[PDB]
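> As they sit in the full assembly, here are the leading chains:
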Amino acid sequence: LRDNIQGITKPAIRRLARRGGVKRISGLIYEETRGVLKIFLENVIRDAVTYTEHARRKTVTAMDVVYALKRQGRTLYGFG
Amino acid sequence: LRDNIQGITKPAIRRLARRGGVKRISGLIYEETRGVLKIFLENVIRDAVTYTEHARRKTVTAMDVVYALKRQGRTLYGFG
């Protein structure tokens, strides 16, 4: 598993921007978005892995992710 | 006690901006700042008054203000 951050293709970023209301997009927006997404994922996955490590488990469940998101003030409904 | 929001004079707003690193200030910044400050004060004082009322008291202490500030993620040290 190496260089999989490139799996977030340009059309995916463009579609995400269009959903957000962006009309035109620059060139380095893709790299900037990939870096930002990597940082966010690193934080959330670290918290989820800590939560699942505490319970002496090894499979990360949806509840761990929900708790990790809630700890950042990003509460998510629909996965309770 | 009417029209006391004008007691936040222009020099006070200019000093606050200078502390924040602002080099030039427009004309309507004073009115905008007064409105923003009034909103912030209204929220914090409302929470402090609620905290005071729960204790069946008539005098607002510093602890109520500290708790009200902490409720908004604005924790204050030095008034414990």
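Great, that's in hand. Numbering: from 1, shown residues only, chains lettered A, B, ... in the order given.

> Grab the most central residue of chain A for me.
residue A:41 (4.0 Å; Cα atoms, centre = their mean).

> Distance check, that one against residue A:10.
Distance of residue A:41 to residue A:10, computed by Cβ to Cβ, to the nearest Å: 19 Å. (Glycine included, C-beta is placed from N, CA and C.)

> And for residue A:37?
14 Å.

> Who has more neighbours out of these two?
More crowded of residue A:37 and residue A:10, by other Cβ atoms under 10 Å in any protein chain shown: residue A:37, with 14 against 10.

> Which residues belonging to the one helix or strand that one maps to are considered buried?
Here residue A:37 sits within helix A:29-54, counting by DSSP states H and E. For helix A:29-54, burial by neighbour count (16 or more other Cβ atoms under 10 Å in any protein chain shown) applies to A:30, A:33, A:44, A:47, A:48, A:51, A:52.

> Am I right that residue A:69 is in contact with residue A:76?
Yes. Using Cβ atoms under 8 Å, residue A:69 is in contact with residue A:76, at 5.2 Å.

> quick one: the residue of chain A most remote from its centre from residue A:66, how far?
The centre of chain A is farthest from one residue, residue A:56, which by Cα atoms, centre = their mean lies 24.3 Å away. Separation of residue A:56 from residue A:66 (Cβ to Cβ) stands at 19 Å.

> repeat for residue A:77
Distance from residue A:77 to residue A:66, counting by Cβ to Cβ: 9 Å.

> which of these two has more neighbours?
Set residue A:77 next to residue A:66 and count neighbours by other Cβ under 10 Å: residue A:66 wins out with 19 against 6.

> while you're at it, add chain C from this line:
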Amino acid sequence: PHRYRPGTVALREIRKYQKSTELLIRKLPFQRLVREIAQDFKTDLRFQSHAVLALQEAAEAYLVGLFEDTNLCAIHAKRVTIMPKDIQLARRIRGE
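Now chain C, sitting on the chains shown earlier:
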């Protein structure tokens, strides 16, 4: 043949993508990315599928909000094209 002027198809795509509610990132690449990212913390980790789905939904919502803020910053500068400095400014103001 027939060609659209620039920006018309972009406006149509903005209209279309804000109506629907499905996911916009392909699922398998995101699953691989999440697995690689988690491999740095604890090895031999297994992911329940619902956890990956929740992560994808949260990431997409966060990116949409960030792009809304970026568009606001770009409009503030008398521009219609978002730029990396807009993303940096929005993240800095948000406290990130």
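
> Please re-evaluate the buried residues of helix A:29-54 in the presence of chain C.
Those would be A:29-30, A:32-34, A:36-37, A:40-41, A:44-49, A:51-52, for helix A:29-54 by 16+ other Cβ under 10 Å.

> which secondary structure elements does the next helix or strand after it contact?
For helix A:29-54, the following helix or strand on the C-terminal side (DSSP H and E) is strand A:59-60. In this structure, strand A:59-60 makes packing contacts with helix A:29-54, strand C:46-47, judged by 3 or more Cβ pairs under 8 Å, 6 or more residues apart in numbering or on different chains; DSSP states H and E.

> and the next helix or strand after the shortest one with helix A:29-54, angle?
The element immediately downstream of strand C:46-47 (helix or strand, assigned by DSSP H and E) is helix C:49-76. Helix C:49-76 and helix A:29-54 are oriented at 140 degrees to each other (axes from the mean of the first three to the mean of the last three Cα atoms, to 10 degrees).

> which residues sit in contact with the residue nearest to the centre of chain A?
C:33, C:34, C:37, C:55, C:59 (Cβ atoms under 8 Å, 6 or more residues apart in numbering or on different chains).

> where's the third one, which helix or strand?
For residue C:37, the enclosing helix or strand under DSSP H and E is helix C:27-38.

> who touches that helix?
Applying Cβ under 8 Å, 6+ apart, the set of residues contacting helix C:27-38 from outside is A:1-2, A:4-5, A:7-9, A:38, A:41-42, A:45, A:49, A:60, C:45, C:47, C:52, C:55-56, C:59.

> Pull out the buried members of those residues.
A:4-5, A:7-8, A:41, A:45, A:49, A:60, C:45, C:47, C:52, C:55-56, C:59.

> Let me have those residues in JSON lines, adding distance to residue C:5 as columns.
As requested, these are exported to JSON lines (distance: Cβ to Cβ, whole Å):
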{"residue": "A:4", "distance to residue C:5": "37"}
{"residue": "A:5", "distance to residue C:5": "35"}
{"residue": "A:7", "distance to residue C:5": "33"}
{"residue": "A:8", "distance to residue C:5": "29"}
{"residue": "A:41", "distance to residue C:5": "38"}
{"residue": "A:45", "distance to residue C:5": "43"}
{"residue": "A:49", "distance to residue C:5": "49"}
{"residue": "A:60", "distance to residue C:5": "48"}
{"residue": "C:45", "distance to residue C:5": "50"}
{"residue": "C:47", "distance to residue C:5": "46"}
{"residue": "C:52", "distance to residue C:5": "41"}
{"residue": "C:55", "distance to residue C:5": "39"}
{"residue": "C:56", "distance to residue C:5": "35"}
{"residue": "C:59", "distance to residue C:5": "34"}
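
> let's put chain D on the structure above:
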Amino acid sequence: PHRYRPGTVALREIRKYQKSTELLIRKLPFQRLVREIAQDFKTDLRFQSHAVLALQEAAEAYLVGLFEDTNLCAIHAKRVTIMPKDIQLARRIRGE
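So that you can see how it sits with the rest, here is chain D on the chains above:
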């Protein structure tokens, strides 16, 4: 006589004010404003002095942070003068 060019005294004031830690709003006008604001919630309220001091310190810190964000927004637009639209944009991005 002798006159400074515009912006030099402003730079000196910026250098001087960030060094000090005293309060910048006059105490009595702020106390009167806080009392008037609280009169809208319950009449016949008494304020302990330390509560007023804490409110003043919190308000000044909040305004300084808001002005830092406003300066960032104004710099982003190739300007040196802060404008009400900068304050509105900073507050909107912050979530207020």
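
> same question on the buried residues of helix A:29-54, but with chain D included?
Buried residues in helix A:29-54, defined by neighbour count with 16+ other Cβ under 10 Å: A:29-30, A:32-34, A:36-37, A:40-41, A:44-49, A:51-52.

> With stretch C:18-26 instead?
Across stretch C:18-26, burial judged by 16+ other Cβ under 10 Å covers C:24, C:25.

> Show me the contact partners of that stretch.
Applying Cβ under 8 Å, 6+ apart, the contact partners of stretch C:18-26 are A:7-9, A:12, A:15-16, A:18-19, A:21, C:17, C:56-57, C:59-60.

> So which of the residues you listed would count as near chain B as well?
When Cβ under 8 Å from any Cβ of the partner chain is applied, no member of the contacts of stretch C:18-26 is adjacent to chain B.

> If you check chain C against chain D, which residue is the closest one?
Among all residues of chain C, residue C:93 sits closest to chain D, at 4.6 Å; criterion: Cβ to the nearest Cβ.

> got a list of what that residue touches?
Applying Cβ under 8 Å, 6+ apart to residue C:93 gives the contacts D:69, D:72, D:73, D:90, D:93, D:94.

> Could you turn the buried ones of those residues into a PyMOL selection?
Command for PyMOL that selects the buried part of these, burial taken from 16+ other Cβ under 10 Å:
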select buried, chain D and resi 69+72+73+90+93
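
> just curious, which of the contacts of residue C:93 is nearest to residue C:9?
Residue C:9 has its nearest neighbour among these in residue D:93, at 28.9 Å by Cβ to Cβ.

> element containing residue A:67?
According to DSSP H and E, residue A:67 maps onto helix A:62-71.

> Run the contact check for that helix versus chain B.
No. Figure legend: helix A:62-71 not in contact with chain B (Cβ under 8 Å from any Cβ); closest approach 13.7 Å.
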